[PDB]
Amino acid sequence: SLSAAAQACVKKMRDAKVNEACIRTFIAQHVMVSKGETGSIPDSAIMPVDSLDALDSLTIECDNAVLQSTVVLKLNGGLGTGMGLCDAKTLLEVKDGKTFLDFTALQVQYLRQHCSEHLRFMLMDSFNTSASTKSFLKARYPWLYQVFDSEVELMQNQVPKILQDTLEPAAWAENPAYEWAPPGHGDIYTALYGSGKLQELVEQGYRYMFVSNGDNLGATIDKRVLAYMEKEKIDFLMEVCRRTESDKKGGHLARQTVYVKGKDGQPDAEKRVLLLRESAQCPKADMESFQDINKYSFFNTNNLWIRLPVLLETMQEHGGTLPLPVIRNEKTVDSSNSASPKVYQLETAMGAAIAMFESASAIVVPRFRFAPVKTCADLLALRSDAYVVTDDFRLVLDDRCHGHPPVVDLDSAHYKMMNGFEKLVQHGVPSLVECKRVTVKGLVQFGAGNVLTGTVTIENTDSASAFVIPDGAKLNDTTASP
C-alpha cells in the first residue's frame, strides 16, 4: 500500500486518463525514489566489459522470413534543449535541403524497394513533437502521412513531475502543462505495451524491433545482426562503439558479476551481466571515471534490437511493466524559471533493458552505424564533408577518417544555441574531412569554401567584434587569429 504522495500521483494520473501500464511503471519507480534510490551507479559497483563479438566479424545474412518479421522504430520524442530547440530535433537540416526526417523517410523508402516490400516503420513522438512531425510528413512523404495515426506514430506517455520536498505531484498554476514530462526513451516499452501496440505487433507476426535515435542517421537494419540473434537465441542486443573523444553525452556499457551457484557437483559459475550507465547515473563527483574513455571504452549507440514476443512475455510476467532502473533527474517545474518549485522527473533509458533479459548481449559495431548529434558541434561535423550520404541514405563518416570523427570544439558562449551556430556557418560549412580537430574560440564566422586540415584553431581574443574568415582560406595545423 502506497504512501500519501504516491496515491496523490495515482489519482492525478488516473484523472488525466494516463495509461494504467504507465501508472504502474511510474509508481514502482516512485517507491524506489521514496526509499532513496537516485539512479546513481558508482564506479565501485561495476566493472568494465573486456570482450564482445563484433559486427565486422559476422557474415551470415538472415533469411527473408526473419527480415519480414522486423519492425523499425525511430525515437522522436525528446526536446534538445541544450541546442536551444523548442521542437523536434529531427526537423533540423543535415545536408543542403534535407532534415533528419528526410533521410529517415528515404531510408524507409529504399528498404521497401530493395529488401522488404511491407516494412513496418514507426516514430515515437511526444506531446512536444507530434504536431510538427505529422505536418512535415504531410508535405513531403504522403505515403507515411496516410498511415501516420494508424500504424506509424507511437505516442509516448507523460508522467507527473514530483516535488522534491514531498514526492507529491507538482502544481504549476501559470502553465499546468509544465506539471507533466515524458519519462525518457525507456518509456518506449511502456507505451508499446500499454497502448496494445506490442501485442498487436506480435499478433501480426512481427518478431524483432530495431530502434535507434532520431538523430543517428547511420542506424539501419543489418541482416547479419538478425541472423546473429537468431543463431545465438539472443532476445536483446545493444550495438556499442569503441568510444572516442567525442563520446561524452550518453552512456557506456558495464558489467557486474553475478554468481549462479551451481547445483549437483558443478561449481558455482560466475556469470557476467551487462548494464548501461547514462551520464546522469554517474555520481557527479566521479564524472572523471565516467569520462575516462579507456576505462569504459564501449559507448552505447542506442541502436537496439528487441525480440518482441519475449519483451511482451517479460512485461506480462512483471506486472505489465518493464522494471528499468529509474533515473532521478533534477529540475524546476518550469525549467526556464529557476525560481519555480524543484522537482524530480523520473526517467528511464531504453538501453537499460539490457539488464532485463537473460540472453541479452552487446555487439561492437564500426563507427559508420553511429553518427550522433547531441550538440551543435556534432551538427557542424555532420553537415560538413566529413559525413557522406550512402546509396541507402545513411550518413557515414568518410573512409579517410579511419572511423575517427573530426573533433569539433565550439565555444559554448556563442555556438551552444542553434541561432549562434547558425551564424557561424552563415556563409558556408568548412571542409572538414581532412580535419582531425577544429577548435573555435570567441565570436567567429566561416567564409565560403574554407578548407581545414590537421589541427586547426580559430581564436578571437577580442571578444567584441566577429573574426570573419575570407573565402577560400585553407587552415592547416595552425591557429588563426585577427
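Residue numbers run from 1 along the displayed sequence.
- As listed in the deposited structure, the average C-alpha B-factor of 358-366 and of 283-291 is greater for 283-291.
- Stretches 52-60 and 435-443 differ in mean C-alpha B factor, with the higher average recorded for 435-443.
- Take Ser40, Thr453, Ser34, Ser69 and read off each C-alpha B-factor from the entry; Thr453 has the highest.
- Residue set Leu163, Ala353, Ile188, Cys115: peak C-alpha B-factor at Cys115 (per PDB entry).
- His427 sits in the highest third of its chain by CA B factor, as recorded in the PDB entry.
- Placement of the Cα temperature factor of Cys241 within the chain: middle third of the modelled residues, per the deposited record.
- Among all modelled residues in its chain, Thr25 ranks in the lowest third by Cα B-factor.
- Per-chain ranking of the deposited C-alpha B factor places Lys271 in the highest third.
- The PDB entry assigns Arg207 a C-alpha temperature factor belonging to the lowest third of its chain's modelled residues.
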